[PDB]
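Data block below; observations after.
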Amino acid sequence: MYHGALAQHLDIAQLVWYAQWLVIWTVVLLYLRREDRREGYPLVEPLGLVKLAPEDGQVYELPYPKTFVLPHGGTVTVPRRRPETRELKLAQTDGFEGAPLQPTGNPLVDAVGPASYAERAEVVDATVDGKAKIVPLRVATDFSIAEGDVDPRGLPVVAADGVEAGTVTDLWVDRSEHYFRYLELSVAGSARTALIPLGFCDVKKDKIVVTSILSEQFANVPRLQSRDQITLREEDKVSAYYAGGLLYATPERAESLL
Amino acid sequence: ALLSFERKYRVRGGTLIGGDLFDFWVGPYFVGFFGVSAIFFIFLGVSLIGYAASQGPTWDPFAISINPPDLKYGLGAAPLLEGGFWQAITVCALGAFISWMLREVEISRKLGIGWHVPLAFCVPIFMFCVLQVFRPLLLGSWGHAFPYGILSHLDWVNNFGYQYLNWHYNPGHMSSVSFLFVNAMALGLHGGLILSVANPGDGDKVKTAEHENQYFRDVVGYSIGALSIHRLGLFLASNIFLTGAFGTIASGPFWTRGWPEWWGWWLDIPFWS
Amino acid sequence: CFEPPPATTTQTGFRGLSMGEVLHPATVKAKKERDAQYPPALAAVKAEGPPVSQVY
Amino acid sequence: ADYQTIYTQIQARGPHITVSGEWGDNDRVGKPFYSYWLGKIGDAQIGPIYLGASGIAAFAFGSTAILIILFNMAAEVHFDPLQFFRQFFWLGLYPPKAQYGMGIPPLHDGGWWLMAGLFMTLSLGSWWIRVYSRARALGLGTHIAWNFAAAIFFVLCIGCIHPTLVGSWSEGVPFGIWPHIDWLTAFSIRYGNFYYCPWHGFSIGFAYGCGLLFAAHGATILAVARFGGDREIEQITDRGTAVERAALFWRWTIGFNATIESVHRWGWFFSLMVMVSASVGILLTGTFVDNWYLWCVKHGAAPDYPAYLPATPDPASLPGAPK
Amino acid sequence: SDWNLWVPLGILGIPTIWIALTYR
Amino acid sequence: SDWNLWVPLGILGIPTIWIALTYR
Amino acid sequence: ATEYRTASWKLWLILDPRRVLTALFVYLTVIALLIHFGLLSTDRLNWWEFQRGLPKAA
Amino acid sequence: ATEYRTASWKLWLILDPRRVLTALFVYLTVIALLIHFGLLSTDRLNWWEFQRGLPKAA
Amino acid sequence: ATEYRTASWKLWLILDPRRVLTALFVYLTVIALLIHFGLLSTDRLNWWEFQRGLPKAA
Ligand code: BCB
Ligand code: BCB
Ligand code: BCB
Ligand code: BCB
Ligand SMILES: C/C=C1/c2cc3[nH]c4c(c3C)C(=O)[C@H](C(=O)OC)c4c3nc(cc4[nH]c(cc(n2)[C@@H]1C)c(C(C)=O)c4C)[C@@H](C)[C@@H]3CCC(=O)OC/C=C(\C)CCC[C@H](C)CCC[C@@H](C)CCCC(C)C
Ligand SMILES: C/C=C1/c2cc3[nH]c4c(c3C)C(=O)[C@H](C(=O)OC)c4c3nc(cc4[nH]c(cc(n2)[C@@H]1C)c(C(C)=O)c4C)[C@@H](C)[C@@H]3CCC(=O)OC/C=C(\C)CCC[C@H](C)CCC[C@@H](C)CCCC(C)C
Ligand SMILES: CC(C)=CCC/C(C)=C/CC/C(C)=C\CC/C(C)=C/CC/C(C)=C/CC/C(C)=C\CC/C(C)=C/CC/C(C)=C/CC/C(C)=C/CC1=C(C)C(=O)c2ccccc2C1=O
Ligand SMILES: COC1=C(OC)C(=O)C(C/C=C(/C)CC/C=C(/C)CC/C=C(\C)CC/C=C(\C)CC/C=C(/C)CC/C=C(\C)CC/C=C(\C)CC/C=C(\C)CCC=C(C)C)=C(C)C1=O
Ligand SMILES: COC1=C(OC)C(=O)C(C/C=C(/C)CC/C=C(\C)CC/C=C(\C)CC/C=C(\C)CC/C=C(/C)CC/C=C(\C)CC/C=C(\C)CC/C=C(/C)CCC=C(C)C)=C(C)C1=O
Ligand SMILES: CC(C)=CCC/C(C)=C/C=C/C(C)=C/C=C/C(C)=C/C=C\C=C(C)\C=C\C=C(/C)CC/C=C(\C)CCCC(C)C
Ligand SMILES: CCCCCCCCCCCC[N+](C)(C)[O-]
Ligand SMILES: CCCCCCCCCCCC[N+](C)(C)[O-]
């Protein structure tokens with residue numbers, strides 16, 4: 001006679017096994033996976049045949065909507081229907097479902113592929129007080145660089161060519177993270193400051209090296225609306241431009257190695 | 001077949017090898033040259049397992065095993081059923097892994113994002129290589145590698161570890177284990193913290209980044225900060241294998257005694273002995 | 001401390017199971033030298049005469 | 001390379017803003033200081049800390065525990081200070097070595113073990129409360145508390161619950177570096193090999209899972225840090241190119257993706273599950289399964305191998321065997 | 001007692017002198 | 001005692017000289 | 001300098017007494033312990049214990 | 001320079017007394033330790049103990 | 001060049017004394033240690049210990 005024996009071959013351990021499984025899958029499927037479809041669903045179709053319903057099992061799929069009450073007023077409902085209405089300057093190679101696309105004009109200005117941004121809300125990012133979160137060091141006068149680092153203010157910005165694009169005007173700080181996000185440089189040749197994300201420049205002792213894009217295309221980095229604060233959308237715009245240059249600066253960046 | 005925002009990103013180029021002929025998506029999957037290659041290994045390698053398992057002595061999924069060749073065969077090929085298929089699969093395996101990793105590189109190129117993901121995926125690949133390839137080279141036989149088999153593989157792990165008398169004491173292991181634990185705990189905290197801020201309960205407003213900080217600086221009195229946790233996660237994760245790899249390679253080629261005996265160095269400093 | 005390669009290895013169980021001994025060739029040599037001082041057998045003698053029980 | 005993901009090149013300093021709690025804004029303690037080196041991987045600022053009651057208590061019990069532990073470890077080397085410090089990893093506080101079932105064991109054999117056990121238990125709890133309360137104090141959700149919970153429960157299982165269900169304190173984990181580890185082997189040997197227990201399986205699955213997931217999530221965020229994807233919360237409420245890419249990347253690879261929000265759920269879930277899976281296994285063991293291998297053989301899960309050297313019948317079972 | 005075991009004196013002494021004289 | 005074996009002397013000495021003379 | 005012969009003293013303008021003081025304090029303390037304990041872990045030169053040194057005796 | 005012969009001294013314009021000082025302190029300490037302990041771990045050449053050497057004795 | 005012959009010296013315009021100095025320091029130290037301990041781990045050429053060499057003797 002044994003502890004935990006339900007028959008001559010059936011024991012409580014064995015049953016628990018399945019039980020365990022059951023739960024795992026249930027959570028995974030009937031929960032986690034639903035939670036995953038809060039963004040970008042339901043699926044869209046630009047070739048296939050009369051479909052208002054993804055992989056099948058799934059048009060329930062989408063969970064019922066949440067309602068994020070936001071810190072500084074307002075509500076967001078998730079999932080949503082946020083429509084893309086920018087008119088993309090992309091021609092298709094083939095009309096085919098999953099055949100890739102060719103940019104028609106300048107991809108960096110027409111904002112497609114790695115140079116595309118998301119249409120974020122056109123508002124300034126804020127602190128817990130209600131100040132602007134991301135500001136330059138002309139504004140956040142209280143903030144400073146840690147003693148022992150290189151102040152990049154004054155240095156030459158060298159682009160992909162090996163050509164000086166201009167000179168560093170300022171740093172921009174995140175006020176709620178104590179972290180530097182942007183270099184504001186003065187694009188030489190024009191009368192303009194352009195903002196580069198700090199993740200696109202290797203800061204040295206003497207120079208700032210910018211591999212991303214060529215010297216000539218610093219002239220076309222998206223213009224800021226205000227002088228001293230940046231909206232959420234403007235951020236995406238600025239970032240996307242340089243990253244797009246990682247595929248579109250020179251013609252050879254397209255191509256495979258052979 | 002597309003996410004509502006997917007189209008603007010689906011552009012040509014940024015393949016590592018052989019340009020436009022393989023540059024397409026099948027459904028949600030991006031293929032590319034390495035896509036094709038991966039598939040080929042996966043298909044062949046799996047089929048090969050099946051055939052091999054068919055001429056085993058069972059079909060219980062736990063109990064099926066494809067073992068490597070005896071030690072007498074050295075670094076050479078073995079008869080197909082006496083360890084050869086093992087060899088076969090192991091190559092399909094490597095094959096698949098690497099094709100997987102490169103595919104990822106192609107993908108990331110196309111998106112203008114960093115290559116961190118592929119590279120991160122490189123770490124486990126290396127450990128696989130360490131266990132199946134290097135360590136057996138250094139001891140000069142394939143028979144030193146581990147067999148493919150759900151329960152079977154553990155038997156290998158088990159005996160291996162008792163070959164040095166108590167693997168727990170092997171210092172490479174210690175480090176790896178520590179990381180494994182820290183990583184798990186840390187994922188929990190990171191998980192929770194985001195979730196708490198997002199879903200604060202009731203009709204409470206979603207909280208800010210400052211609340212994340214406050215929370216930890218209260219409980220344990222330090223906050224690592226938002227970017228860096230991500231950075232740190234990647235680090236912990238990775239040394240699971242990086243440090244372990246040392247302890248693994250050591251055992252056999254560089255140490256042949258029980259692992260506890262090795263701490264003798266400290267235990268036996270003649271000053272306080 | 002980090003005992004240098006190679007290693008003598010044998011197989012004591014089925015292939016792929018990682019069973020068998022693992023020796024430092026050096027150490028074995030040393031032991032083998034030590035276990036060699038075993039003095040060699042004495043020269044055999046012709047069994048001649050009575051049993052010792054009657055002698056001593 | 002991109003240096004800005006690995007470490008921080010230019011550090012910032014400035015006034016940190018305190019989020020006022022629901023209560024206990026008063027019980028923050030210490031002069032906050034900076035570490036320039038630490039500033040290269042994370043925030044540099046290191047104080048203050050919240051105190052309050054739960055803390056006080058946790059420390060209270062925690063310390064008592066520690067004291068009892070150490071003191072007994074000293075007593076093992078007979079208080080020789082030099083030897084203590086040399087032998088330290090090999091010293092421990094052990095549970096009872098005789099069979100007393102579940103009776104409170106004599107001081108010298110497991111008695112002290114038990115006391116420290118109880119106090120460790122109490123600190124864990126006090127701490128739990130800290131974690132849980134603080135959350136509520138700052139209007140957050142309670143997820144961390146619940147994860148932490150599971151961890152604690154698993155400690156309970158191997159500490160007293162399992163001992164209890166089989167009904168002997170002898171089965172407790174000992175305190176001490178090496179000796180808490182020797183426990184692992186003993187315990188495994190006793191219950192007929194833990195590789196063969198399914199919950200040990202599950203657990204490990206989820207644990208490696210965590211590895212995979214953090215590496216992945218970690219790597220993903222850094223890969224998209226150039227678009228400010230590390231700003232994870234604003235990404236939840238106002239989806240930017242950052243996480244759009246991140247999603248796409250994963251979709252094009254394994255063929256389905258998450259959201260910036262939900263990936264966190266996955267991670268949180270996997271974490272939890274390590275501890276839970278574990279607890280189950282521990283509870284089943286000794287209670288319903290006696291020898292996990294044999295059990296796997298009864299359900300034919302266990303692989304069987306041919307003999308390499310000749311097969312060996314157990315000598316105990318021969319004609320005319322001794323004992 | 002150093003009997004042609006001036007060895008350490010050689011090693012110790014020589015540099016001692018040139019360290020004296022070279023940096024003046 | 002350094003007899004027949006100037007090996008180290010040569011190895012040590014030769015460079016010592018040309019290091020002296022080359023870099024003036 | 002109050003009738004000083006060397007400039008030695010300027011060291012404290014370079015070095016910082018507080019560091020030196022604190023370091024010596026520790027440094028010394030440790031060496032001291034090493035010697036004490038280390039001695040008392042031999043057989044000759046252990047005061048504190050019976051001569052289980054058994055000097056040559058047996 | 002106040003009545004010097006070489007320019008040796010200019011080294012300290014280049015190198016930094018405080019580094020050299022702190023380094024040497026450490027360097028010598030370690031070496032000193034190695035030798036001391038090292039010696040006291042032999043058989044010949046251990047003061048601090050009864051002659052473990054069994055010098056030729058057996 | 002104050003009565004020089006070669007330009008050898010221009011090396012220090014290119015190299016940096018401090019790097020060279022500090023490295024040589026370490027490099028040499030390591031080789032030194034290597035040789036010392038190396039030697040003292042043999043049988044011939046160990047001073048510090050009784051002639052374990054059993055030079056031919058046994
Ligand atoms: C009695 C023997 C023991 C032992 C023997 C041991 C050995 C011999 C080794 C370890 C190793 C390790 N052990 Mg230990 N171990 C550990 C934890 C660990 C890990 C941290 C570490 C690395 C695991 C590994 O190598 O992954 C392996 C994972 C690999 C190689 C990656 C495979 C992934 C691949 C790239 C991709 C696969 C894709 C799939 C095929 C796709 C299929 C999926 C679907 C979707 C198609 C814990 C926490 C414990 C406890 C709690 O006791 C423990 C006890 C023991 N270990 C027992 C004491 N362990 C390793 C180590 O680092 O040692 C120092 C190691 O060599
Ligand atoms: C040095 C130690 C090693 C080790 C130690 C070990 C232990 C101790 C345990 C396992 C367990 C497992 N291991 Mg092993 N392992 C496995 C895969 C497995 C699974 C069978 C299982 C759970 C894995 C998991 O959840 O991870 C994280 C990944 C997740 C959650 C994503 C899904 C992965 C999926 C679960 C695994 C799919 C693999 C397939 C079942 C088989 C191969 C593919 C098919 C198509 C042919 C692979 C594919 C590899 C290699 C080399 O590619 C390998 C190498 C090793 N494991 C090293 C040799 N592993 C556990 C087990 O279940 O054993 C019974 C277990 O207890
Ligand atoms: C020879 C013996 C083995 C063994 C013995 C074994 C046992 C007996 C158990 C496990 C368990 C587990 N094993 Mg296994 N193991 C594992 C990994 C794992 C873990 C997933 C899981 C343990 C849960 C855990 O994470 O503990 C770490 C987390 C802990 C302990 C929670 C701590 C949280 C706590 C709140 C900490 C805070 C403490 C405070 C700071 C207090 C301070 C103290 C003061 C008061 C003094 C791997 C990866 C391997 C490999 C690779 O081989 C392996 C092989 C082995 N295990 C060998 C086969 N393992 C457990 C399990 O899952 O069993 C089914 C388990 O019970
Ligand atoms: C059988 C042979 C023996 C032997 C043979 C022997 C030799 C041959 C020598 C010594 C020497 C020494 N022995 Mg000795 N020895 C000593 C200790 C000593 C030291 C007094 C001295 C080590 C000097 C040194 O190494 O500088 C290490 C560190 C130094 C010098 C640092 C100071 C200089 C620093 C660069 C300047 C900066 C100072 C600043 C004010 C502080 C800066 C602070 C920073 C951190 C901010 C002890 C305690 C014992 C005991 C307890 O048995 C002992 C036994 C023996 N020794 C055996 C009996 N020993 C050496 C000596 O010179 O005697 C005095 C020596 O040559
Ligand atoms: C410290 C680093 C951690 C880490 C990191 C990362 N992990 C990653 C990535 C990163 C960054 C990815 O980017 C990549 C990915 O895509 O994201 C999901 C990935 C992935 N990690 C998988 C499994 C995984 N990660 C493990 C471990 C860690 N991950 C450690 C902890 C383990 C353990 C520990 O067992 C497992 C099982 C797959 C899901 C997936 C690749 C699929 C593949 O490889 O496609 C190619 C191959 C197949 C789909 C099948 C292969 C069939 C072959 C030909 C033949 C059969 C197999 C044969 C070898 C038999 C063995 C079975 C036997 C043992 C019984
Ligand atoms: C998969 C799930 C994982 C997981 C999850 C989670 N894990 C969490 C949380 C979650 C969610 C938390 O929320 C909580 C926490 O907050 O972290 C931020 C926590 C924790 N997990 C810790 C350690 C840990 N997690 C481990 C494992 C896993 N976790 C598993 C793997 C392991 C392993 C693996 O061994 C370890 C060691 C601590 C950091 C913390 C407990 C603090 C405590 O309970 O306090 C108890 C208080 C004390 C012990 C008092 C201290 C007294 C001092 C030292 C002085 C004594 C000296 C004395 C002699 C004299 C007095 C004088 C004096 C002035 C000098
Ligand atoms: C229709 C038509 C024309 C047909 C004819 C065409 C035809 C037949 C053509 C030929 C077919 C050819 C050539 C090829 C076939 C297609 C192909 C290339 C297939 C490869 C497929 C393959 C092997 C797939 C297997 C997938 C796989 C390996 C693993 C599955 C995934 C697993 C097990 C993952 C582990 C579990 C896990 C960690 C889940 C995590 C959850 C997620 C989603 C994590 C990822 C994730 C992370 C980590 C984030 O940090 C994050 C941050 C912000 C936003 C999102 C995310 C996010 O999604
Ligand atoms: C943003 O929101 C959030 C926050 O901010 C609000 C948070 O703060 C937080 C979290 C709050 C916190 C306080 C986080 C802190 C939590 C932690 C667990 C931090 C603790 C981390 C540790 C203790 C480190 C782990 C160390 C161990 C486990 C001991 C290991 C023992 C030994 C002997 C290890 C020996 C070997 C090493 C130490 C290193 C070995 C390294 C190598 C061999 C190679 C190194 C590899 C590299 C450097 C990478 C390669 C280099 C490049 C790619 C450039 C979260 C979660 C949240 O996300
Ligand atoms: C069109 O059909 C095809 C495709 O498209 C459908 C393909 O994609 C492919 C895939 C072909 C490719 C080159 C894919 C792109 C290349 C990669 C992704 C790199 C990764 C590839 C590999 C790691 C291995 C591939 C190379 C081979 C399999 C060549 C085989 C070489 C030999 C010697 C096989 C003959 C066997 C012997 C001589 C016996 C002695 C050799 C052994 C015992 C070794 C086995 C033991 C091991 C531990 C293997 C470890 C060594 C390795 C993994 C290289 C093929 C093959 C196919 O033709
Ligand atoms: C009903 C009755 C009568 C009693 C019930 C009692 C009860 C609740 C029993 C349950 C007991 C439990 C949960 C026991 C758990 C024991 C466990 C899990 C022990 C596990 C691991 C412990 C380890 C690894 C500890 C080693 C500890 C040391 C080496 C020394 C401790 C010191 C430190 C951690 C350093 C801090 C000290 C420093 C500040 C000076
Ligand atoms: C042994 C622990 C492993 C638990 C299994 C992990 C679940 C993998 C997620 C599959 C997602 C399925 N899908 C494609 C419908 O989303
Ligand atoms: C991943 C861990 C492996 C052990 C799992 C045991 C599987 C039991 C299911 C097999 C069917 C036979 N059974 C239970 C009816 O006897």
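Residue numbers start at 1 in each chain; chains themselves are named A, B, ... in the order of the structure tokens; ligands are numbered from 1 in the order shown.
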Contacts of ligand 2, 8 Å or closer, only C-alpha atoms and all ligand atoms, given as JSON, numbers by chain: {"B": [42, 45, 46, 49, 62, 93, 128, 131, 146, 149, 150, 151, 153, 154, 156, 157], "D": [195, 196, 198, 200, 201, 202, 203, 204, 205, 206, 207, 208, 209, 210, 211, 212]}
Report as an MDAnalysis selection string which protein, DNA and RNA residues come within 8 Å of ligand 6, using only C-alpha atoms and all ligand atoms. (chainID B and resid 178 181:186 188:189 192 216 219:220) or (chainID D and resid 58:67 70 120 123:128 131 144:151 207 271:275)
For the atom pair atom 2 (O, counted along the ligand's line) of ligand 9 and atom CA of residue B:147, what is the interatomic distance in Å to one decimal place?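 Distance reported for this atom pair: 26.9 Å.
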Please identify the strand (DSSP E or B) residues within stretch 57-225 of chain A (assignment by DSSP from backbone atoms) and present them as a VMD selection string. chain A and resid 66 to 69 75 to 78 90 to 92 101 to 103 124 126 132 134 to 136 144 to 145 156 to 158 164 to 174 179 to 187 192 to 197 202 to 203 208 to 209
Contact residues around stretch 23-28 of chain C with only C-alpha atoms at 12 Å, ignoring same-chain residues under 4 positions, as a list in words: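 Everything that qualifies: residues 139, 163, 164, 251, 252, 253, 254, 255, 256, 257 and 258 of chain B; 2, 3, 4, 5, 6, 7, 8, 9, 10, 32, 33, 34 and 35 of chain C.
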Can you tell me which residues surround residue B:193 at a distance of at most 10 Å, considering only C-alpha atoms, apart from same-chain residues fewer than 3 positions away, and format the answer as a list in words?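 Contacts, with the query itself left out: residues 187, 188, 189, 190, 196, 197, 198, 211, 212, 213, 215 and 216 of chain B; 135, 140, 141, 142, 143, 144, 264 and 268 of chain D.
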Written file, previous selection with C-alpha atoms, as a CSV table (one decimal), in the first residue's frame:
```csv
chain,number,residue,atom,x,y,z
B,187,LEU,CA,13.4,40.2,-14.4
B,188,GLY,CA,10.7,39.9,-11.7
B,189,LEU,CA,11.4,43.3,-10.4
B,190,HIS,CA,11.7,44.9,-13.7
B,196,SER,CA,2.8,48.7,-11.3
B,197,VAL,CA,3.4,52.1,-12.9
B,198,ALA,CA,1.2,51.4,-15.9
B,211,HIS,CA,7.7,57.2,-9.2
B,212,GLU,CA,9.7,54.2,-10.5
B,213,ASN,CA,12.8,55.8,-9.0
B,215,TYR,CA,9.8,53.3,-5.2
B,216,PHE,CA,13.2,51.6,-5.3
D,135,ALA,CA,3.8,50.3,-3.3
D,140,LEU,CA,1.5,52.0,-7.7
D,141,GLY,CA,0.3,48.5,-8.4
D,142,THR,CA,1.3,45.6,-6.2
D,143,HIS,CA,3.0,43.3,-8.7
D,144,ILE,CA,6.4,43.3,-7.1
D,264,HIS,CA,6.8,43.0,-19.2
D,268,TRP,CA,6.9,38.9,-14.8
```
